[PDB]
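Data first, discussion second: the structure below is written as structure tokens.
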Protein chains: 4
Amino acid sequence: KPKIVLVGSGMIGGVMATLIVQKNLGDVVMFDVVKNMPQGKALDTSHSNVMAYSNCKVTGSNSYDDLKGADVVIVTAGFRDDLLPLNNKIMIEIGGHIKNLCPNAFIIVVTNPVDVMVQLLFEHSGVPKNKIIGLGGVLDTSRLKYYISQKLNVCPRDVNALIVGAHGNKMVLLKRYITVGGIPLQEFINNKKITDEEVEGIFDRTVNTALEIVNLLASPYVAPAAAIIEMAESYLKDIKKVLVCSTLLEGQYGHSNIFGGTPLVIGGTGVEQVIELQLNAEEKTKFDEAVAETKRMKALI
Amino acid sequence: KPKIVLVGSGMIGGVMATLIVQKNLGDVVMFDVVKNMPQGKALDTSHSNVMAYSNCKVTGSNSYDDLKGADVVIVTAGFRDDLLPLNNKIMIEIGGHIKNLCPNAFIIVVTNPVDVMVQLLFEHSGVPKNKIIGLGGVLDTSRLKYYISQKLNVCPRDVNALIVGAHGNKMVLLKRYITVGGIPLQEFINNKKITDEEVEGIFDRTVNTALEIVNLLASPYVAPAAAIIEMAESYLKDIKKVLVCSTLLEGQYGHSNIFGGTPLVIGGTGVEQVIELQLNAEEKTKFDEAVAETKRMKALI
Amino acid sequence: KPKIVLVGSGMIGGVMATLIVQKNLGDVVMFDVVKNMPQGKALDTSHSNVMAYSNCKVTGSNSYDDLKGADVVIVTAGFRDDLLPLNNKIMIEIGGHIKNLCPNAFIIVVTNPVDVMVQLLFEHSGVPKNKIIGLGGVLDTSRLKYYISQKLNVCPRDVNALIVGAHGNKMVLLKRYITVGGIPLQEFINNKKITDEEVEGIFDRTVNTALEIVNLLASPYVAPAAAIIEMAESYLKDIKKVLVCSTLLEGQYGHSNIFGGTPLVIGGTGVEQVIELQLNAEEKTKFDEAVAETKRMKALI
Amino acid sequence: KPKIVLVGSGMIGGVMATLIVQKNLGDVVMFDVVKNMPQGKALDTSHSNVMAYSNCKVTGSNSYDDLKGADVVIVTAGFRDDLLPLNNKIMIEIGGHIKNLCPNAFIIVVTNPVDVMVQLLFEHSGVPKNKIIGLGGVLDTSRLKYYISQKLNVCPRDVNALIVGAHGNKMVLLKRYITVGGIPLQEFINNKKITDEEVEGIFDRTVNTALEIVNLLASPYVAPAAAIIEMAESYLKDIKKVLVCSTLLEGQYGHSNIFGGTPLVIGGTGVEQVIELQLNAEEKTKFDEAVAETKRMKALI
């Protein structure tokens with residue numbers, strides 16, 4: 001049975017464990033530095049195996065040895081430049097344990113700013129570049145896809161969209177790469193089913209969604225968890241989905257030695273392909289600005 | 001598209017909305033008297049439609065008119081005898097809205113003490129007796145089934161067990177009615193795969209599980225949500241599952257005018273059958289004690 | 001519980017009934033003019049409810065009254081111009097029963113040539129134009145999507161493609177409308193991950209797939225059944241998927257009074273939108289040739 | 001990705017491949033000695049990956065080397081005592097290839113008479129006794145469970161029942177071990193929801209179901225395929241379901257050196273437990289008669 005370790009058992013961790021049991025994906029360790037809490041969540045979640053017809057062990061842990069033999073490790077733990085050293089320390093610690101205990105794990109990093117933190121954990125863990133990625137594009141594009149789908153009254157999954165560069169305020173929303181049922185969004189604009197102005201409003205809403213939800217006396221954890229589990233499941237079941245995630249750039253987009261958000265393929269060997277978009281000059285300028293902010297923060301460590 | 005209204009958008013409500021989207025079961029209204037919070041949770045949850053390949057609207061509301069045309073209403077709202085009047089007031093209010101806005105809804109009550117509150121909402125809403133039930137047995141038995149399954153190393157769902165009478169400390173764990181893969185538990189005791197003492201320990205753990213989880217710096221909401229959605233789904237898809245829930249007793253077990261936990265069948269018309277267990281005298285004594293506590297609290301309203 | 005009637009219980013019908021039970025989608029009537037056969041298939045299939053955790057009645061019938069109250073009707077029955085009158089007779093008979101017994105059903109026609117037969121059944125049944133469609137594009141594009149996905153080593157569903165006009169040898173494969181993870185196929189050609197020549201080979205293979213399978217001592221029924229059930233499920237669950245199907249053209253593509261393959265949206269009210277592709281002149285010429293063959297055969301009835 | 005090889009690509013094989021793709025369970029090889037046919041079925045089935053959101057390779061083969069690295073092997077190939085030598089020859093051939101090419105595979109045998117043939121393949125393949133079982137109980141009990149569920153108007157899966165000894169006319173239907181929602185069937189008889197006479201009629205129908213379906217101008221393959229895939233999935237996902245299958249008896253029921261139908265647990269290591277029912281004397285007499293027929297035929301090889 002696959003073993004999935006959640007390093008961080010906050011709200012996102014809770015939904016992830018719930019979904020893993022629903023999908024019968026693997027045994028789950030809910031790890032956290034906070035005592036008792038993950039044990040309680042794990043106990044609650046384990047009972048849902050009955051309703052789900054599943055058989056996944058769900059355990060809680062404050063003990064790093066439970067990383068042993070993990071097939072997937074998802075890192076949400078962490079404490080705005082002033083947070084960079086603190087969270088780097090966490091990545092140092094986690095990285096050591098990964099190298100010691102599950103060097104062959106597929107690693108998904110969520111800790112913000114994710115495009116910096118994923119590279120830090122890469123550096124501190126020594127795992128292969130095809131075995132560690134950051135959450136970004138699957139989540140951000142889920143917002144864009146959903147809002148467009150509601151304007152056009154179609155199934156959310158039938159909207160495809162790419163958001164690249166970085167996860168955060170400089171995320172690059174590529175209008176040219178939006179399709180609906182495989183059809184260019186521009187055709188729907190031409191047919192007056194949606195306007196350019198509605199699309200720009202949706203772009204603004206997408207960039208600011210975390211803020212919107214925070215201001216609504218909540219915080220995002222359901223969709224982040226679902227995005228992470230889509231990525232993890234594509235690895236565990238070798239589905240080879242095309243998913244936009246943060247990955248090491250080795251020449252793509254003219255960049256090296258930095259992680260950035262780009263479409264890639266997740267299969268049973270990890271990142272099987274990194275897909276380099278043929279961005280035009282203006283799109284490329286936006287991509288470069290996103291990654292430049294990642295570089296700026298990386299240089300501060 | 002079916003419409004499911006969650007009256008109460010706390011932790012249990014959050015997991016319920018998540019699961020409804022995963023299962024593509026229906027549009028969801030997350031209702032709460034707390035402003036903004038359900039709107040935030042609903043917005044977050046709606047994005048997960050993309051990952052789930054679903055198309056369920058998820059909206060938040062502080063407005064009771066959103067009960068209009070609900071097919072299923074799940075009540076978790078509410079504020080230990082001294083809480084009975086307070087929560088009764090809530091049931092009065094909700095009941096009026098149900099009668100006005102969704103008199104044909106299937107109603108699942110969770111507010112504790114559930115066996116009292118479900119009858120109060122029945123009385124204040126005027127819905128048919130086959131259209132309103134309380135959460136209890138599916139949740140409690142999920143604990144018992146799970147713990148036994150881990151002792152015997154089998155799939156949790158392959159353990160069947162009945163817990164009856166009431167949801168709470170007087171719940172009746174019927175040892176005679178435990179089976180594993182359809183086989184009496186006694187055969188596994190005879191074969192020394194599990195002992196009577198282990199089973200009694202598991203009974204104690206089952207009764208006190210909420211307390212265990214609360215003491216572990218958490219609180220149960222994942223398994224409660226999964227239990228509720230199993231009940232709701234059996235109604236919405238006319239599955240006719242046998243599920244132990246709190247229902248109006250009309251002569252069964254010698255009781256009338258009171259709700260108690262018993263196996264029943266949930267299908268597209270609501271409670272299609274109430275199954276009366278042929279309890280022996282000792283089991284019956286325990287059942288009567290559970291329901292007597294429900295009567296005691298009902299008499300205080 | 002939804003009621004799905006399969007008018008025709010051959011191989012495609014068998015797989016459809018199997019999938020409906022797996023998905024717990026509705027009660028199934030397997031209708032056929034051949035005595036006993038559908039009763040046997042239905043009996044076999046009904047047992048699989050146990051393995052699937054479903055509760056769908058599956059019955060066999062040689063009796064047209066079992067169309068009564070059908071929510072979905074799928075027509076595969078039928079006996080190459082010389083077959084047109086014969087199959088028209090079948091559509092006359094079925095049409096009468098539909099009008100009498102399930103005038104509100106959503107109708108999916110498969111009988112070939114489907115773009116002619118769907119219009120004949122429309123004419124003989126009197127159902128609204130938004131409530132009857134023909135199988136074509138979902139099946140044909142499943143071939144194109146699959147073959148491209150195997151060249152590029154990605155999840156089959158992540159390839160999107162449109163095939164329009166008609167189902168049969170004149171089907172129009174729109175190279176410009178192929179995307180992979182939302183990205184234009186041309187980018188993958190530019191990057192030498194696939195060539196124009198491979199794509200043309202795949203186009204030829206797609207057009208001739210039925211012939212390939214027939215020559216391999218088989219015949220296609222699994223993918224046709226899966227395509228039909230994807231369409232039916234989008235209706236039954238109001239998913240509003242964008243699916244390419246044969247539908248009445250009322251001005252789109254400059255055509256009237258004829259059915260043709262085009263992207264459309266299937267939701268709970270039937271065809272909720274017909275999407276008119278903004279074809280260029282060359283693409284339009286191919287579309288017109290496909291539909292001209294449909295017109296030619298329609299004129300022979 | 002797990003690899004599942006179907007040795008035999010007839011009707012049962014076709015449904016198995018279909019279900020494996022629906023469940024995204026693994027790559028599939030459809031093997032058959034008949035040329036071209038499995039290649040055609042495999043090609044058809046592979047396209048359904050698009051509709052299922054799956055990524056399973058489906059290939060056809062007449063070449064035994066495609067057994068290499070199989071995780072699961074399902075044997076339906078084979079040509080009434082006079083058929084025993086013929087089918088034994090097939091088991092000799094297959095057995096050699098298994099030992100050579102996939103000695104660690106989990107093997108499910110279907111070829112009739114299954115309780116004899118599974119032991120022959122065990123003997124000719126050299127695989128461990130916990131890694132090879134025969135289809136019987138899951139299929140037979142699916143009939144019994146389904147028919148009882150329709151009498152009582154409950155979800156089919158909520159009926160549990162055990163049928164033991166052998167698969168065929170001497171199958172032992174254990175009335176004492178039938179439960180409904182975990183409740184003894186006898187309670188439903190006492191309450192006049194079903195009679196002893198109805199139950200005996202259902203027993204007769206269960207024993208003779210294959211004959212019923214054959215006489216209805218069909219033959220059973222959907223439910224057999226679903227039963228086999230339930231067994232295979234319990235292995236592949238380590239679910240540890242309790243499933244009644246044919247397995248080597250090593251003292252259980254007083255028998256040795258023979259395979260018989262009994263509840264057992266299927267998990268990731270194969271047969272993890274063989275559960276010996278505590279049969280009473282009369283039940284035991286019936287069990288012995290079933291297994292005696294298996295012994296009689298085994299002695300003829």
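Here, A, B, ... name the chains of the structure tokens in the order displayed, residue numbers run from 1 inside each chain, and ligands are numbered from 1 in the same displayed order.
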**OP:** Please identify all polymer residues within 7 Å of range 172-189 of chain B, counting only C-alpha atoms, omitting same-chain residues fewer than 5 positions from it, and present them as an MDAnalysis selection string.
**Re:** (chainID B and resid 158:165 194:196 203 286:287) or (chainID D and resid 160:161 177 179 182:183 242 278)
For the residues in that selection, give me C-alpha atoms as a short mmCIF file (atom, residue, chain, number, x, y, z; two decimals), in the first residue's frame.
data_model
loop_
_atom_site.label_atom_id
_atom_site.label_comp_id
_atom_site.auth_asym_id
_atom_site.auth_seq_id
_atom_site.Cartn_x
_atom_site.Cartn_y
_atom_site.Cartn_z
CA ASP B 158 -16.60 -5.97 5.99
CA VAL B 159 -17.37 -5.62 9.69
CA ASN B 160 -21.05 -5.14 10.33
CA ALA B 161 -22.41 -4.03 13.68
CA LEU B 162 -25.52 -2.47 15.17
CA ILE B 163 -25.62 0.25 17.80
CA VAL B 164 -29.14 1.24 18.83
CA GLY B 165 -31.37 3.21 21.20
CA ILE B 194 -9.72 -11.69 19.03
CA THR B 195 -10.80 -11.98 22.67
CA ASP B 196 -13.92 -11.05 24.59
CA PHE B 203 -16.91 -1.16 23.19
CA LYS B 286 -30.30 -1.59 27.53
CA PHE B 287 -32.39 -0.19 24.63
CA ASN D 160 -24.42 -10.89 3.12
CA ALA D 161 -24.31 -14.60 2.42
CA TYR D 177 -25.14 -17.33 7.45
CA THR D 179 -27.76 -11.44 7.03
CA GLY D 182 -26.01 -7.21 9.53
CA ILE D 183 -29.25 -8.71 10.90
CA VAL D 242 -13.36 -10.96 2.98
CA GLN D 278 -17.61 -23.31 12.29
#
**OP:** Show me which bits of chain C are within 8 Å of chain D, counting only C-alpha atoms, as a PyMOL selection string.
**Re:** chain C and resi 15+18+36-37+39-41+43-55+142-143+145-146+155-157+212-214+216-223+226-227+230
**OP:** Would you list, as number ranges by chain, the residues of range 66-172 of chain C that end up in alpha helix (DSSP H) under DSSP run on this structure's backbone?
**Re:** C: 83-101, 114-125, 137-152
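With only C-alpha atoms as the basis for measurement, C:170 is the residue among C:170, C:205, C:1, C:240 that approaches residue 294 in chain C most closely.
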Original post:
Could you work out how far CA of residue 284 in chain C lies from CA of residue 133 in chain C, giving the answer in Å with one decimal?
Top reply: 21.7 Å
Subject >> Which of range 14-237 of chain D DSSP labels strand (DSSP E or B), written as an MDAnalysis selection string >> reply: chainID D and resid 27:31 58:61 72:75 106:109 132:134 159:160 163:165 172:173 179:180 183:184
Can I get the selected residues back with N, CA and C atoms, as a compact mmCIF listing (two decimals), in the first residue's frame?
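Contents of again_29.txt, as written:
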# COMPACT_ATOMS: atom_id res chain seq x y z
N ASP D 27 -2.36 -1.47 -16.46
CA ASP D 27 -2.24 -1.87 -17.85
C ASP D 27 -2.83 -3.26 -18.02
N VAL D 28 -3.42 -3.51 -19.18
CA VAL D 28 -4.09 -4.77 -19.47
C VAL D 28 -3.52 -5.42 -20.71
N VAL D 29 -3.17 -6.70 -20.60
CA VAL D 29 -2.91 -7.52 -21.77
C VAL D 29 -4.07 -8.49 -21.94
N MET D 30 -4.73 -8.40 -23.09
CA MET D 30 -5.77 -9.34 -23.47
C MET D 30 -5.09 -10.43 -24.30
N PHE D 31 -4.82 -11.57 -23.67
CA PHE D 31 -4.17 -12.67 -24.35
C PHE D 31 -5.21 -13.69 -24.81
N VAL D 58 -4.04 -0.87 -23.06
CA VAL D 58 -4.74 -2.12 -23.32
C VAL D 58 -4.21 -2.69 -24.61
N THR D 59 -3.55 -3.84 -24.53
CA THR D 59 -2.98 -4.43 -25.72
C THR D 59 -3.52 -5.83 -25.90
N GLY D 60 -3.50 -6.34 -27.12
CA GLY D 60 -3.90 -7.70 -27.39
C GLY D 60 -2.68 -8.52 -27.73
N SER D 61 -2.74 -9.81 -27.46
CA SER D 61 -1.58 -10.66 -27.64
C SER D 61 -1.95 -12.10 -27.91
N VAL D 72 -1.00 -9.42 -11.82
CA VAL D 72 -2.18 -10.27 -11.71
C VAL D 72 -2.38 -11.02 -13.01
N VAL D 73 -2.69 -12.31 -12.91
CA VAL D 73 -2.99 -13.14 -14.07
C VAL D 73 -4.36 -13.77 -13.84
N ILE D 74 -5.27 -13.56 -14.79
CA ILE D 74 -6.61 -14.12 -14.70
C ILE D 74 -6.82 -15.12 -15.83
N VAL D 75 -7.08 -16.38 -15.48
CA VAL D 75 -7.16 -17.44 -16.48
C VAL D 75 -8.60 -17.86 -16.74
N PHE D 106 -0.18 -12.68 -8.68
CA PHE D 106 -1.38 -13.21 -8.05
C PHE D 106 -2.25 -13.80 -9.15
N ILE D 107 -2.64 -15.06 -8.99
CA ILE D 107 -3.32 -15.80 -10.04
C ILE D 107 -4.76 -16.11 -9.66
N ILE D 108 -5.70 -15.75 -10.54
CA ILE D 108 -7.11 -16.08 -10.35
C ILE D 108 -7.55 -17.00 -11.48
N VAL D 109 -8.02 -18.19 -11.13
CA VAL D 109 -8.44 -19.17 -12.12
C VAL D 109 -9.96 -19.23 -12.21
N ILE D 132 -2.59 -18.03 -5.37
CA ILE D 132 -3.46 -18.54 -6.42
C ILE D 132 -4.80 -19.00 -5.86
N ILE D 133 -5.88 -18.49 -6.45
CA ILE D 133 -7.23 -18.81 -6.01
C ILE D 133 -8.16 -18.99 -7.20
N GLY D 134 -9.33 -19.57 -6.93
CA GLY D 134 -10.32 -19.79 -7.97
C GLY D 134 -11.57 -18.96 -7.73
N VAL D 159 -27.09 -7.29 1.71
CA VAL D 159 -27.28 -8.70 2.02
C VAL D 159 -25.92 -9.37 2.02
N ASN D 160 -25.61 -10.07 3.11
CA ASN D 160 -24.42 -10.89 3.12
C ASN D 160 -24.79 -12.36 3.20
N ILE D 163 -21.55 -18.95 0.39
CA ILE D 163 -21.72 -20.17 -0.38
C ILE D 163 -20.36 -20.83 -0.47
N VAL D 164 -20.25 -22.09 -0.06
CA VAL D 164 -18.94 -22.70 0.16
C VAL D 164 -18.80 -24.07 -0.50
N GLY D 165 -17.60 -24.64 -0.41
CA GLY D 165 -17.35 -26.01 -0.85
C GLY D 165 -16.81 -26.05 -2.26
N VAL D 172 -22.68 -25.07 -1.65
CA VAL D 172 -23.39 -25.15 -0.38
C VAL D 172 -23.90 -23.78 0.06
N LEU D 173 -25.21 -23.62 0.03
CA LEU D 173 -25.85 -22.37 0.41
C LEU D 173 -26.19 -22.42 1.89
N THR D 179 -27.40 -12.62 6.26
CA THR D 179 -27.76 -11.44 7.03
C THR D 179 -28.18 -10.32 6.10
N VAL D 180 -28.94 -9.38 6.65
CA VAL D 180 -29.44 -8.23 5.90
C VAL D 180 -29.19 -7.00 6.74
N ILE D 183 -28.20 -8.10 10.08
CA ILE D 183 -29.25 -8.71 10.90
C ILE D 183 -29.56 -10.11 10.38
N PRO D 184 -29.72 -11.11 11.28
CA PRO D 184 -30.02 -12.46 10.76
C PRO D 184 -31.26 -12.49 9.87
Within 8 Å of residue 236 in chain A, counting only C-alpha atoms, which residues show up once you throw out same-chain ones fewer than 4 positions away? Write them as an mmCIF file with N, CA and C atoms, in the first residue's frame, please.
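Produced file result-v4.cif, reproduced below:
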data_model
loop_
_atom_site.group_PDB
_atom_site.id
_atom_site.type_symbol
_atom_site.label_atom_id
_atom_site.label_comp_id
_atom_site.auth_asym_id
_atom_site.auth_seq_id
_atom_site.Cartn_x
_atom_site.Cartn_y
_atom_site.Cartn_z
ATOM 1 N N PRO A 2 0.607 2.192 -0.909
ATOM 2 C CA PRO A 2 1.389 3.431 -0.907
ATOM 3 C C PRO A 2 1.311 4.135 0.433
ATOM 4 N N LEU A 25 -6.329 5.918 -1.660
ATOM 5 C CA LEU A 25 -5.053 6.126 -2.339
ATOM 6 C C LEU A 25 -3.830 5.558 -1.640
ATOM 7 N N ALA A 232 -0.640 14.399 -6.544
ATOM 8 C CA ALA A 232 -0.143 13.192 -5.898
ATOM 9 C C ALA A 232 -0.725 11.939 -6.558
ATOM 10 N N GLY A 267 3.955 11.537 -13.837
ATOM 11 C CA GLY A 267 3.689 10.116 -13.945
ATOM 12 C C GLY A 267 4.421 9.342 -12.869
ATOM 13 N N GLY A 268 4.495 8.026 -13.035
ATOM 14 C CA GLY A 268 5.040 7.156 -12.010
ATOM 15 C C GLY A 268 6.521 7.339 -11.737
#
Subject >> Point-to-point distance from CA of residue 245 in chain D to CA of residue 261 in chain D, Å rounded to tenths >> reply: 5.0 Å
